[PDB]
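Single-letter residue listing:
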Protein chains: 2
Amino acid sequence: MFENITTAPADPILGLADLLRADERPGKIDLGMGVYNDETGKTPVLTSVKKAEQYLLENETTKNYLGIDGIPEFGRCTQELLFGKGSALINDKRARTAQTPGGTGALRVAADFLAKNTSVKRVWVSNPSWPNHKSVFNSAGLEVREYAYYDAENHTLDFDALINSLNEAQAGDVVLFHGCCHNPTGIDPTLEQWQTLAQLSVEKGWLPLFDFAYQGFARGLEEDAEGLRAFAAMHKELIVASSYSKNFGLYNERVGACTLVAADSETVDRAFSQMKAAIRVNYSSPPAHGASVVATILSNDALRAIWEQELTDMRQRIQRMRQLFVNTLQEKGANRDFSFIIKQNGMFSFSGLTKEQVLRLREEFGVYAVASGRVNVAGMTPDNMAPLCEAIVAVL
Amino acid sequence: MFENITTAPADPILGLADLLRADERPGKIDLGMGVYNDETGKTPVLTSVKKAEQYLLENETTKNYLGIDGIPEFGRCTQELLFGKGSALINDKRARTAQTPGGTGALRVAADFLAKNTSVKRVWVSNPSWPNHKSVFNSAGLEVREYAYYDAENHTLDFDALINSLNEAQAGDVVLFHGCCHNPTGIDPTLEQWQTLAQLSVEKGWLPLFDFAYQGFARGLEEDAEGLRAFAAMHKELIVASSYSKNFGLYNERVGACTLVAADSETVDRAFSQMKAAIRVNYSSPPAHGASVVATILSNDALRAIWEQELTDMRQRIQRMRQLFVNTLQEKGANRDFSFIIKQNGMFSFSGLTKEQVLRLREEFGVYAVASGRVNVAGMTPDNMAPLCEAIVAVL
Ligand SMILES: *Cc1c(COP(=O)(O)O)cnc(C)c1O
Ligand SMILES: *Cc1c(COP(=O)(O)O)cnc(C)c1O
C-alpha cells in the first residue's frame, strides 16, 4: 500500500536544521532556526513560567478533559490582550476564543472552519511570507494568492504596489495580515497605513485574518496591537490566530488561540459551534499545561509583572543586536549600507544577500541562514558578532 | 460572511454533559462522560505522574520545539509497549512513531496521511462504534462503511456476521479494529478469533488500522496487545493509533501516538516523511509536557513499577464494579439477567436499555447514560450502587 509513496520535499526551515547536525565545525553560527536566544545562545524557560509550573504542580487535582475550546480563563485573558480591557467587542460578546495547539494550529482550525462553512475560496498572503502559510491553507483546499508587499530595492513596504495588487481581490476573499513583526521582512505598516487598510478592507468586503505570533516584540504589548485594533473598530467580522510560543518561550507546549468575531453574540455563537465541530474531528480538545501556564501568569498581578519585564528584556536585546550588527559591519568595512535593518522589527530581517552568498557563508564559514537571506537577529550575541560580520564582509 | 452559518448538531457524548449542568438535583449519577473515576467519584492525577512532573520541573531547561514526530524516547518506549521488547518489527526498523495530540489526533493524522498519499477510499468501522470514528474519517474525505459486530440478542460478538460483512470489503480498503476494550460494547475477540482475522486480512489484502486507547484495562499490558501482535506477525503494513489518555490519566495533556509499519525500513522512512508533512500543516509539532511525562515514567524502573501498580488498581476496580453491579441488580430483584456485563471488558458496556428507559432514568432519577444504553462502569461506586440499581429496576 505504501509501495510507491514519494519522499516529501525538505522543509525550507526545519530541514536547514539537519545541515547543522552533520557540520561538525566548532564555530558554527545558527541564524535560521526561528526561536529566541539569550546572550548565552540558549533558549531558557522564563522565570514567570517556572513559578507558574510550580503553582500548577501543587494545585492540579485532575487531568480531566478541557472543553473543546479549552480553558475559559485563557480565552478572556487572550481577548483582553488583543482588543484591550474595555474593548467594545468584549462587552457586546462579539468574540469567541478557542485554545489551540499553537499558532499554526489556530491557522489550520480557521482554514478548516472557512472551507467547510463559508463560500471562501481564495486567501491572500503577502509576498514574501512565512512559507507555512500557503501550505496550511492549501491543505484545507483553499487557493492562496499573493499581493506585493516588500520593496526589494529600498528595503521598505511598497504601500502602492500593495494596494494595487489587493484590488484584484474580490469581496468574500480572505486577506491575511501579520499583526506585527512581519515574517520574514520585519517591515510592518505604520498606524496610518493600518487605518487606510482597515477602510479599504471594509469597502472591498474582505474577511481579515490576522496572524499575531509576535505581540510584544515590536514596540510593546499595547502598541503592537493597534493595527489589529484599527481593523476591529470598523469590521463586523474577523479572525485572529495568535500564538504564545514566542512571547512566553512556550514553543513545545503548543499554546495558541483562534478568536472569531462576528456582528453580534447571537451570530458568533452559531459560527463558533461549527468551529468547535472542526476541532472535534481534529484533536478533540487542546493540551492544558501550556495554556494553563499562560492563564495563571496573565491573571496574577505579581507574576504578570515579572513576565512583562522578561518580555521587555527579550525585546530590547533584539533591538540591541540590530544596532550592534549594523555598526560592526561598518567597523569591519562592509560593502554597502545595512542601516535598514535598524528600521525593521522582531527577530527576522532580510539581509539582502544572494542565494549564492548564503550558500558561501554556510560552506566556507559555518554561518547558517535561510537561502532567502532571512537571518534571525536573536541568534546574534556580542560573542559571535565579530566572527559573523567578518564572514559577511568576505562574501560582499 | 458568517451570515447564515447553521448551528452544529449536539455531540452524542459531549453534549450530554451540559444536561448535567442544568440539572440541579443532588443525587445525580453520571454514567456518560467517558473517563475513569475512583471510589470517591473523582478523576485524580496518578502519583507516578505527579512524581514525573516534579522531575520535569527541576530538569527542563528549555521549551524549544520538539521535532515534528515528537520526543524520540516516547517513540521507542511506545513501540516496545505495543510490539514487545524483542519484537522483530523494531529490530528491522520497520516502524516509525509520531507523538500526536491524543489518540483522536493520531486518527486524524492517519486519515490525512491516507487520503493524500494512498489509493484508499473506504474505511470499515464496527457497528456499533465510537461515534467520533466516522466523523474523523469523513472529515478527511474517506467514506466509512460498517461491518456487523455486536449480537444485540445474545450480548456477544457475532463472529459469523462479522466475517460475512467483511467479505464485501475489497483489497486496498482500510479496516479499523479496536485493540481491546471495544467501545462501546466492551466485547473483544478471543485470541483464536484474532488469529483468524489476521489471516483473513492478509488474504483479502486489507490495511489494518488499530485504535488502541485502553491498553491495560482488559487483562493487562501484554495480554491486551496479543491481538495487535497477531496481526503484526503476518502483516507487511499496519497503522496503530494509540492513546495514553486513559492508562495514564493524562486526558487533557493530549498524549497519543500514530505508529506506521511497512515492509522494510527503506519504505517506512519514505512513507513517514509524508506523514510528517501531514503533521507540519496541521499543528506543526506535538505538545511536550504530556508525552514528556509518559517517557519519563516508562524509561525509569522505579516509576514504571508504581504506574503499573496504579494501572492495575484501576483495572481491578472496574472489574469489581462489574460484579457489584450485577449482584445488586439481582438483590433489588432486577427483571432479567445482566450477567453478560461480567463477560465484557473496560469501562463501557451496553446495558441493553431502550432509548425510552434511558430517557426515563435521567428525567425521573437523575441517572445519566448515553441514549444508546452505554454506561460507564467506572462511574459506579459502592456508594451509588444501590440508588443506581433501584432506579434501573424501576424502569424494567
Ligand atoms: C512562529 C509563527 C507562528 C506560530 O507558530 P507557533 O509554533 O505555531 O505557535 C505563526 N505565523 C508566523 C508567521 C510565525 O512566524
Ligand atoms: C478514548 C478513545 C480514543 C482516544 O481519545 P483520546 O482523548 O483522544 O486520546 C480513541 N478511540 C476510542 C474508541 C476511545 O474511546
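Residues numbered from 1 in each chain as written, not as in the entry; some residues may be left out. Chains lettered and ligands numbered in written order. Heavy atoms only, no water.

Structure determination for this PDB entry was carried out by X-ray crystallography, with a resolution of 2.66 Å recorded in the header.

J.: Account for the side chain of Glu 60 of chain B, naming residues and giving values.
T.: As for its position among the elements, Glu 60 of chain B is in the loop between α2 (47–59) and α3 (72–83). Judged by relative accessible area, which is 17%, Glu 60 of chain B ranks as buried. Polar side-chain contacts of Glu 60 of chain B include one of 2.9 Å to the side chain of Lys 63 of chain B. Dropping the residues within four chain positions of it, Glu 60 of chain B is found in contact with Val 45, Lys 50 and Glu 53 of chain A together with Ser 292 of chain B. (Helix = DSSP H or I, 4+ residues; strand = E, 2+ residues; numbered from the N terminus. Buried < 20%, exposed > 50% of the residue type's maximum accessible area, 1.4 Å probe, protein only. Polar contact = N/O pair within 3.5 Å; in protein donor to acceptor, adjacent residues only side chain to side chain. Contact = heavy atoms within 4.5 Å.)

J.: So what about the relation of the copies chain A and chain B? Which residues, and what values?
T.: When chain A is fitted onto chain B, the two copies agree to an RMSD of 0.0 Å after a turn of 180° and an axial shift of 0.0 Å. On this basis, the relationship between the two copies can be described by a two-fold rotation axis. In this assembly, 100% of the residues forming the interface of chain A have copies in chain B that are likewise at the interface, indicating an isologous arrangement. (Least-squares fit on C-alpha atoms.)

J.: If you had to explain the packing of aromatic side chains to someone new, which residues and values would you point to?
T.: Per the counting criterion, the structure on display carries 30 aromatic pairs over all chains. Geometrically, the ring pair formed by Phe 177 of chain B and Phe 210 of chain B is tilted, given 5.6 Å between the ring centres and 40° between the ring planes. Of this pair, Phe 177 of chain B sits in strand β7 (residues 174–178) while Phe 210 of chain B is found in strand β8 (residues 207–212), placing the two residues 33 residues apart along the sequence. For the pair shown, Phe 177 of chain B and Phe 210 of chain B are each scored as buried. An aromatic cluster is present here, built from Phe 74, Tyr 244, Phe 248 and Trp 307 of chain A joined pairwise through their rings. In this structure, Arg 336 of chain A packs its charged tip against the face of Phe 338 of chain A, placed 4.5 Å from the ring centre. (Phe/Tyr/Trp six-rings, centres within 6.5 Å; stacked < 30°, edge-to-face > 60°. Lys NZ or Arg CZ within 6 Å of the ring centre and 35° of its normal.)

J.: Give me the lowdown on the pairing of strand β3 (residues 122–127) of chain A, citing residues and values where you can.
T.: All names here are of chain A. Within β3, five of the six residues are buried, which leaves the element mostly enclosed by the surrounding structure. Here β3 runs beside strand β4 (residues 143–148); their pairing, made up of six bridges, is parallel. Residue pairing in the sheet places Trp 124 in a bridge with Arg 145 of β4. Bridge count for β3 against strand β7 (residues 174–178) is two bridges, and the pairing is parallel. Its bridge partner being in β7, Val 123 is matched across the sheet by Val 174. (Pairing = 2+ DSSP bridges.)

J.: Requested: an account of the interface of chain A and chain B, with residues and values cited.
T.: The partner chain B presents 76 residues to the 76 residues of chain A that form the contact. For the pair chain A and chain B, the summed buried surface comes to about 6200 Å²; carbon and sulfur atoms form 56% of the total. Between the two partners, chain A and chain B, sit eight salt bridges. With a shortest N-O distance of 3.1 Å, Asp 11 of chain A and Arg 280 of chain B are connected by a salt bridge. Inspection of the chain A/chain B interface yields 42 residue pairs in polar contact. (Buried area = accessible area lost by both parts, 1.4 Å probe. Salt bridge = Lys/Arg side-chain N within 4 Å of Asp/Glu carboxyl O.)

J.: Tell me about the domain arrangement of chain A, and name the residues and values.
T.: All names here are of chain A. Along its sequence, chain A is organised into domain 1 (11–44 + 316–396) and domain 2 (45–315). In this assembly, 19 residues from domain 1 lie in contact with 21 residues from domain 2. Carbon and sulfur atoms make up 60% of the area that domain 1 and domain 2 hide from each other, which totals about 1900 Å². Counting every contact that joins domain 1 to domain 2 gives zero salt bridges. Across the contact surface, domain 1 and domain 2 share 13 residue pairs in polar contact. Among the secondary structure elements, those contributing two or more residues to the side of domain 1 that touches domain 2 are α12 (301–331) and β11 (348–350). Here the side of domain 1 that touches domain 2 takes four residues from α12, the largest share from any one element. Considering only residue class, the side of domain 1 that touches domain 2 consists of ten nonpolar, seven polar and two charged. (Domains from an automatic or database assignment. Nonpolar A, V, L, I, M, F, W, Y, C, P; charged D, E, K, R; others polar.)

J.: I'd love a proper account of helix α7 (residues 159–166) of chain B, names of residues and values included.
T.: Helical periodicity: at 3.6 residues per turn, an α-helix aligns residues three or four positions apart in one direction. Residue and element names in this part refer to chain B. Of all the residues in α7, the buried ones are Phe 159, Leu 162, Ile 163, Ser 165 and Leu 166. Buried residues in α7, looked at end-on, bunch into an arc of 170°, giving them a common side. Among the exposed residues of α7, those oriented more than 90 degrees off its buried face are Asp 160 and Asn 164. Here the buried face of α7 lies against β3 (122–127), β4 (143–148), β6 (156–157), β7 and α8 (191–204). (Arc of directions from axis to C-beta.)

J.: Describe in detail unusual backbone geometry, supporting the description with residues and values.
T.: Looking along the chain, the bond that leaves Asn 127 of chain A and enters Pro 128 of chain A is cis, with omega of 0°. Mapping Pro 128 of chain A onto the fold places it in the loop between β3 and α6 (132–139). With an omega of 0°, the peptide bond running from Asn 183 of chain B to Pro 184 of chain B counts as cis. Unusually for a residue other than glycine, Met 33 of chain B sits at a positive phi of about 30°. By the element assignment, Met 33 of chain B lies in the loop between β1 (29–30) and α2. The exposure class assigned to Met 33 of chain B is partly exposed, which follows from its relative accessible area of 25%. For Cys 181 of chain B, which is not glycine, the phi dihedral falls at a positive 50°. By the element assignment, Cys 181 of chain B lies in the loop between β7 and α8.

J.: Break down the packing of helix α12 (residues 301–331) of chain B against helix α14 (residues 385–395) of chain B for me, with residues and values.
T.: Residue and element names in this part refer to chain B. Packing of α12 against α14 leaves a shortest axis separation of 9 Å and a crossing angle of 50°. It follows from the interaxial angle that α12 and α14 lie oblique. The two elements α12 and α14 cross, and the hand of that crossing is right-handed. Facing α12, whose interface residues are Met 321, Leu 324, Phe 325, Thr 328 and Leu 329, α14 presents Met 385, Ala 386, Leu 388, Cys 389, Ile 392 and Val 393. Among the residues making up the contact of α12 with α14, the classes are represented as ten nonpolar, one polar and no charged. (Axes fitted to C-alpha atoms, helices over the stretch in contact; angles between N-to-C directions. Parallel < 35°, antiparallel > 145°, perpendicular 65-115°, else oblique. Left-handed = near helix turned anticlockwise from the far one by under 90°.)

J.: Describe the site of ligand 1, and please don't skip the residues or the numbers.
T.: Within the structure, ligand 1 sits among 13 residues, and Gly 103, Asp 211, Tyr 214 and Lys 246 of chain A together with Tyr 65 of chain B are positioned closest to it. One finds residues of chains A and B in close proximity to ligand 1. Within the side chain of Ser 243 of chain A, one N or O atom sits 2.8 Å away from an oxygen atom of ligand 1. Here ligand 1 loses 95% of its free accessible area of 380 Å² to cover by the protein chains. Take the shell around ligand 1: its biggest share by element is three residues, from helix α5 (residues 102–117) of chain A. In the shell around ligand 1, the residues fall into four nonpolar, six polar and three charged. (Near = heavy atom within 4 Å. Areas by Shrake-Rupley, 256 points an atom, 1.4 Å probe, with all protein chains shown as cover.)

J.: With reference to specific residues and values, describe the site of ligand 2.
T.: Not every one of the 13 residues close to ligand 2 is listed here, only the nearest: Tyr 65 of chain A together with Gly 103, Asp 211, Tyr 214 and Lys 246 of chain B. Residues close to ligand 2 are split across chains A and B. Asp 211 of chain B places a polar side-chain atom, nitrogen or oxygen, 2.8 Å from a nitrogen atom of ligand 2. Taken by itself ligand 2 offers 390 Å² of open surface, and the protein chains cover 95% of this. The element that contributes the greatest number of residues to the shell around ligand 2 is helix α5 (residues 102–117) of chain B, accounting for three residues. When grouped by side-chain class, the residues that make up the shell around ligand 2 number four nonpolar, six polar and three charged.

J.: Requested: an account of helix α11 (residues 288–299) of chain A, with residues and values cited.
T.: Taking 1.5 Å of rise per residue, twelve residues should cover 16 Å, and α11 of chain A covers 16 Å from first to last C-alpha, within 8% of that figure. Burial analysis of α11 of chain A places eleven of its twelve residues in the buried class, the great majority of the element. Where α11 of chain A is buried, its residues meet α2 (47–59), α3 (72–83), β2 (95–100) and α12 of chain A together with α11 (288–299) of chain B. (Expected span 1.5 Å × (residues − 1).)

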